[PDB]
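coords-v6.cif follows; it contains mmCIF, C-alpha atoms.
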```
data_start
#
loop_
_atom_site.group_PDB
_atom_site.id
_atom_site.type_symbol
_atom_site.label_atom_id
_atom_site.label_comp_id
_atom_site.auth_asym_id
_atom_site.auth_seq_id
_atom_site.Cartn_x
_atom_site.Cartn_y
_atom_site.Cartn_z
ATOM 1 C CA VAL A 350 123.086 117.253 97.575
ATOM 2 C CA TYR A 351 123.759 121.024 97.563
ATOM 3 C CA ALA A 352 123.471 120.928 93.745
ATOM 4 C CA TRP A 353 120.939 118.098 93.410
ATOM 5 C CA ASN A 354 119.133 117.049 90.232
ATOM 6 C CA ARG A 355 115.449 117.133 89.321
ATOM 7 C CA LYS A 356 113.686 115.271 86.523
ATOM 8 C CA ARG A 357 110.327 115.775 84.776
ATOM 9 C CA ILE A 358 108.599 112.477 83.866
ATOM 10 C CA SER A 359 105.871 112.929 81.272
ATOM 11 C CA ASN A 360 103.965 110.774 78.776
ATOM 12 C CA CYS A 361 104.943 107.358 80.125
ATOM 13 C CA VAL A 362 103.196 104.323 81.584
ATOM 14 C CA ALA A 363 103.934 103.701 85.262
ATOM 15 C CA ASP A 364 105.172 100.248 86.315
ATOM 16 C CA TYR A 365 106.517 100.301 89.872
ATOM 17 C CA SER A 366 106.933 96.512 90.019
ATOM 18 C CA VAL A 367 110.324 96.506 88.230
ATOM 19 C CA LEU A 368 111.505 98.946 90.927
ATOM 20 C CA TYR A 369 109.588 97.690 93.960
ATOM 21 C CA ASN A 370 110.889 94.153 93.391
ATOM 22 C CA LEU A 371 114.498 95.139 92.652
ATOM 23 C CA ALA A 372 117.093 94.139 95.240
ATOM 24 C CA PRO A 373 118.878 97.455 96.034
ATOM 25 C CA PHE A 374 115.668 99.333 96.946
ATOM 26 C CA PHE A 375 115.431 98.093 100.523
ATOM 27 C CA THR A 376 113.671 101.334 101.553
ATOM 28 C CA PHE A 377 110.252 102.240 100.121
ATOM 29 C CA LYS A 378 108.191 104.505 102.388
ATOM 30 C CA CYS A 379 105.584 106.908 101.022
ATOM 31 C CA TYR A 380 103.525 109.681 102.602
ATOM 32 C CA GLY A 381 100.361 110.675 100.754
ATOM 33 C CA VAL A 382 99.690 107.264 99.233
ATOM 34 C CA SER A 383 99.976 103.633 100.264
ATOM 35 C CA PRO A 384 103.126 101.875 99.006
ATOM 36 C CA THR A 385 101.065 99.198 97.221
ATOM 37 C CA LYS A 386 98.404 101.495 95.717
ATOM 38 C CA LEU A 387 100.708 103.039 93.100
ATOM 39 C CA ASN A 388 99.697 100.673 90.294
ATOM 40 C CA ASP A 389 95.988 101.345 90.947
ATOM 41 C CA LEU A 390 96.174 105.035 90.085
ATOM 42 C CA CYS A 391 97.034 107.489 87.325
ATOM 43 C CA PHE A 392 99.388 110.417 87.741
ATOM 44 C CA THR A 393 100.046 113.874 86.356
ATOM 45 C CA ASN A 394 102.763 116.392 87.210
ATOM 46 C CA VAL A 395 105.290 113.711 88.158
ATOM 47 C CA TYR A 396 108.787 114.808 89.162
ATOM 48 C CA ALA A 397 111.792 113.105 90.736
ATOM 49 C CA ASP A 398 114.919 114.327 92.519
ATOM 50 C CA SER A 399 118.312 112.601 92.625
ATOM 51 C CA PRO B 499 134.204 102.086 103.340
ATOM 52 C CA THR B 500 136.359 102.325 106.468
ATOM 53 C CA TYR B 501 133.567 104.471 107.915
ATOM 54 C CA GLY B 502 130.788 102.575 109.628
ATOM 55 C CA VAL B 503 127.299 102.292 108.219
ATOM 56 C CA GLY B 504 125.464 105.524 108.895
ATOM 57 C CA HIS B 505 128.401 107.271 107.221
ATOM 58 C CA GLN B 506 128.259 105.270 103.993
ATOM 59 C CA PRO B 507 126.731 107.239 101.096
ATOM 60 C CA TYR B 508 123.039 106.512 100.554
ATOM 61 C CA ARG B 509 121.401 107.362 97.238
ATOM 62 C CA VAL B 510 118.145 109.253 97.803
ATOM 63 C CA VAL B 511 115.319 109.788 95.315
ATOM 64 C CA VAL B 512 112.036 111.529 96.154
ATOM 65 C CA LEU B 513 108.881 111.585 94.001
ATOM 66 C CA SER B 514 106.352 114.425 93.896
ATOM 67 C CA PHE B 515 102.723 114.003 92.883
ATOM 68 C CA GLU B 516 99.458 115.831 92.428
ATOM 69 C CA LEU B 517 96.439 113.651 93.115
ATOM 70 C CA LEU B 518 93.635 113.634 90.524
ATOM 71 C CA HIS B 519 93.380 117.458 90.497
ATOM 72 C CA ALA B 520 94.411 117.680 86.826
ATOM 73 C CA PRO B 521 94.168 115.623 83.619
ATOM 74 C CA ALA B 522 96.128 112.497 84.490
ATOM 75 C CA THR B 523 98.723 111.407 81.957
ATOM 76 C CA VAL B 524 101.075 108.860 83.493
ATOM 77 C CA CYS B 525 99.035 105.771 84.303
ATOM 78 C CA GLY B 526 99.512 102.237 85.523
ATOM 79 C CA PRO B 527 98.982 98.837 83.939
ATOM 80 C CA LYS B 528 95.182 99.027 83.813
ATOM 81 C CA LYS B 529 93.421 98.043 80.585
ATOM 82 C CA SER B 530 90.586 100.157 79.227
ATOM 83 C CA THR B 531 87.160 99.146 77.931
ATOM 84 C CA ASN B 532 84.177 100.767 76.272
ATOM 85 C CA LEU B 533 81.789 102.785 78.402
ATOM 86 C CA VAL B 534 78.012 102.404 78.590
ATOM 87 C CA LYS B 535 75.182 104.905 78.268
ATOM 88 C CA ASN B 536 72.244 105.043 80.682
ATOM 89 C CA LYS B 537 73.204 101.875 82.561
ATOM 90 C CA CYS B 538 74.101 101.612 86.240
ATOM 91 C CA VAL B 539 77.810 100.735 86.339
ATOM 92 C CA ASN B 540 80.958 101.425 88.363
ATOM 93 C CA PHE B 541 83.951 103.115 86.689
ATOM 94 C CA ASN B 542 87.582 104.175 87.249
ATOM 95 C CA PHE B 543 87.924 107.285 84.968
ATOM 96 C CA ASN B 544 91.708 107.840 85.573
ATOM 97 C CA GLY B 545 91.166 107.165 89.301
ATOM 98 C CA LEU B 546 87.678 108.484 90.078
ATOM 99 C CA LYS B 547 86.585 105.076 91.344
ATOM 100 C CA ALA C 944 51.935 139.977 105.181
ATOM 101 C CA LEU C 945 52.415 136.211 105.758
ATOM 102 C CA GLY C 946 56.184 136.115 106.375
ATOM 103 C CA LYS C 947 55.761 133.514 109.122
ATOM 104 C CA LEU C 948 54.917 130.591 106.806
ATOM 105 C CA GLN C 949 57.746 131.685 104.445
ATOM 106 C CA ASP C 950 59.996 131.708 107.525
ATOM 107 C CA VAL C 951 59.123 128.083 108.260
ATOM 108 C CA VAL C 952 59.731 126.993 104.668
ATOM 109 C CA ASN C 953 62.988 128.925 104.369
ATOM 110 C CA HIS C 954 64.251 127.629 107.709
ATOM 111 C CA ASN C 955 63.743 124.075 106.526
ATOM 112 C CA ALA C 956 65.375 124.746 103.158
ATOM 113 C CA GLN C 957 68.412 126.374 104.771
ATOM 114 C CA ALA C 958 68.654 123.682 107.438
ATOM 115 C CA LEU C 959 68.680 120.841 104.893
ATOM 116 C CA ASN C 960 70.903 122.677 102.403
ATOM 117 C CA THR C 961 73.619 123.358 104.965
ATOM 118 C CA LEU C 962 73.648 119.571 105.333
ATOM 119 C CA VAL C 963 74.433 119.201 101.636
ATOM 120 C CA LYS C 964 77.209 121.763 102.004
ATOM 121 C CA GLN C 965 78.662 119.898 105.034
ATOM 122 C CA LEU C 966 80.101 117.151 102.802
ATOM 123 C CA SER C 967 82.705 119.605 101.465
ATOM 124 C CA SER C 968 84.595 119.596 104.781
ATOM 125 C CA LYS C 969 87.563 117.193 105.092
ATOM 126 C CA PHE C 970 87.172 117.155 108.906
ATOM 127 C CA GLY C 971 90.928 116.755 109.081
ATOM 128 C CA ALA C 972 90.973 113.861 106.618
ATOM 129 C CA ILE C 973 92.858 113.548 103.340
ATOM 130 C CA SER C 974 89.773 114.525 101.320
ATOM 131 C CA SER C 975 85.978 114.490 101.447
ATOM 132 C CA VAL C 976 85.508 111.542 99.054
ATOM 133 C CA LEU C 977 85.558 108.109 100.677
ATOM 134 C CA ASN C 978 86.509 106.329 97.458
ATOM 135 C CA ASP C 979 89.807 108.203 97.130
ATOM 136 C CA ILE C 980 90.657 107.470 100.771
ATOM 137 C CA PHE C 981 90.103 103.774 100.139
ATOM 138 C CA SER C 982 91.903 103.830 96.783
ATOM 139 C CA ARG C 983 95.116 105.542 97.911
ATOM 140 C CA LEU C 984 95.721 104.313 101.487
ATOM 141 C CA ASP C 985 96.529 100.973 103.143
ATOM 142 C CA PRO C 986 93.763 99.621 105.492
ATOM 143 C CA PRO C 987 95.401 100.881 108.781
ATOM 144 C CA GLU C 988 95.541 104.627 107.883
ATOM 145 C CA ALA C 989 92.564 104.475 105.498
ATOM 146 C CA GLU C 990 90.368 103.143 108.324
ATOM 147 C CA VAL C 991 91.677 105.855 110.669
ATOM 148 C CA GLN C 992 90.720 108.644 108.259
#
```
Turn this file's structure into structure tokens for me.
Amino acid sequence: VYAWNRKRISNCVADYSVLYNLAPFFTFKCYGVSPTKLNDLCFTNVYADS
Amino acid sequence: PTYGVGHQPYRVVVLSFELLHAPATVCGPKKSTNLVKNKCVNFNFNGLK
Amino acid sequence: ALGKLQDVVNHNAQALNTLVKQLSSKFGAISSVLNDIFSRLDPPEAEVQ
């Protein structure tokens, strides 16, 4: 955590179903957007942290 | 694993976004179609519904 | 010489044009466009905004 990792996602098509419906992801809570509105929208400047 | 839950390691991933305020690149599973000229329609335009 | 009539006309133009400018105020919402609010939120919070 002190030396965490960041990733830049660019030039892809977003499909959250494969990840929403996977077993280990028992927690999916979002802030600025509804959890089920992801597939209805386009994105730019997408980054992730691990 | 001898520690109780609440001490087990939990993998955390957070996602950052900017909403529509730039040319969108990453998109969802929507399928495009040809536009129209001078006809009253409704559009999506990368999210501008 | 006839600034009174111009005053009436200008007062109306300003009064109505402020109205057009009012739509650019979030009022403490996510944004000033209803469509985005409906297209990014679930009914409970969307309705609240």
Practice prompt. May I ask for the distance between atom CA of residue A:395 and atom CA of residue C:992, given in Å to one decimal place?
Written response: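 Atom-to-atom, atom CA of residue A:395 to atom CA of residue C:992, that is 25.3 Å.
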Practice prompt. Take atom CA of residue A:359 and atom CA of residue A:392 and report the distance between them in Å, one decimal.
Written response: 9.5 Å
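Put simply, atom CA of residue A:364 is 19.5 Å away from atom CA of residue B:510.
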Select from chain A every residue with an atom at most 9 Å from any atom of chain C, then for each give the shortest pair of atoms and their distance in Å to one decimal, using all atoms listed in the file, rows by chain and rising number, as a tab-separated table.
```
residue	atom	partner	partner_atom	distance
A:381	CA	C:983	CA	7.9
A:382	CA	C:983	CA	5.1
A:383	CA	C:984	CA	4.5
A:384	CA	C:985	CA	7.8
A:385	CA	C:985	CA	7.7
A:386	CA	C:983	CA	5.7
A:387	CA	C:983	CA	7.8
A:389	CA	C:982	CA	7.5
A:390	CA	C:983	CA	7.9
```
Determine, for each residue of chain B having at least one atom at most 7 Å from an atom of chain A, the closest pair of atoms and their separation in Å to one decimal, counting all atoms listed in the file; order by chain and ascending number, as JSON lines.
```
{"residue": "B:510", "atom": "CA", "partner": "A:399", "partner_atom": "CA", "distance": 6.2}
{"residue": "B:511", "atom": "CA", "partner": "A:399", "partner_atom": "CA", "distance": 4.9}
{"residue": "B:512", "atom": "CA", "partner": "A:398", "partner_atom": "CA", "distance": 5.4}
{"residue": "B:513", "atom": "CA", "partner": "A:397", "partner_atom": "CA", "distance": 4.6}
{"residue": "B:514", "atom": "CA", "partner": "A:396", "partner_atom": "CA", "distance": 5.3}
{"residue": "B:515", "atom": "CA", "partner": "A:395", "partner_atom": "CA", "distance": 5.4}
{"residue": "B:516", "atom": "CA", "partner": "A:394", "partner_atom": "CA", "distance": 6.2}
{"residue": "B:517", "atom": "CA", "partner": "A:392", "partner_atom": "CA", "distance": 6.9}
{"residue": "B:520", "atom": "CA", "partner": "A:393", "partner_atom": "CA", "distance": 6.8}
{"residue": "B:521", "atom": "CA", "partner": "A:393", "partner_atom": "CA", "distance": 6.7}
{"residue": "B:522", "atom": "CA", "partner": "A:393", "partner_atom": "CA", "distance": 4.6}
{"residue": "B:523", "atom": "CA", "partner": "A:393", "partner_atom": "CA", "distance": 5.2}
{"residue": "B:524", "atom": "CA", "partner": "A:392", "partner_atom": "CA", "distance": 4.8}
{"residue": "B:525", "atom": "CA", "partner": "A:391", "partner_atom": "CA", "distance": 4.0}
{"residue": "B:526", "atom": "CA", "partner": "A:363", "partner_atom": "CA", "distance": 4.7}
{"residue": "B:527", "atom": "CA", "partner": "A:388", "partner_atom": "CA", "distance": 6.7}
{"residue": "B:544", "atom": "CA", "partner": "A:391", "partner_atom": "CA", "distance": 5.6}
{"residue": "B:545", "atom": "CA", "partner": "A:390", "partner_atom": "CA", "distance": 5.5}
```
Worksheet entry | Evaluate the PyMOL selection byres ((chain B) within 12 of (chain C)) and report residues as a PyMOL selection string | chain B and resi 517-519+540-542+544-547
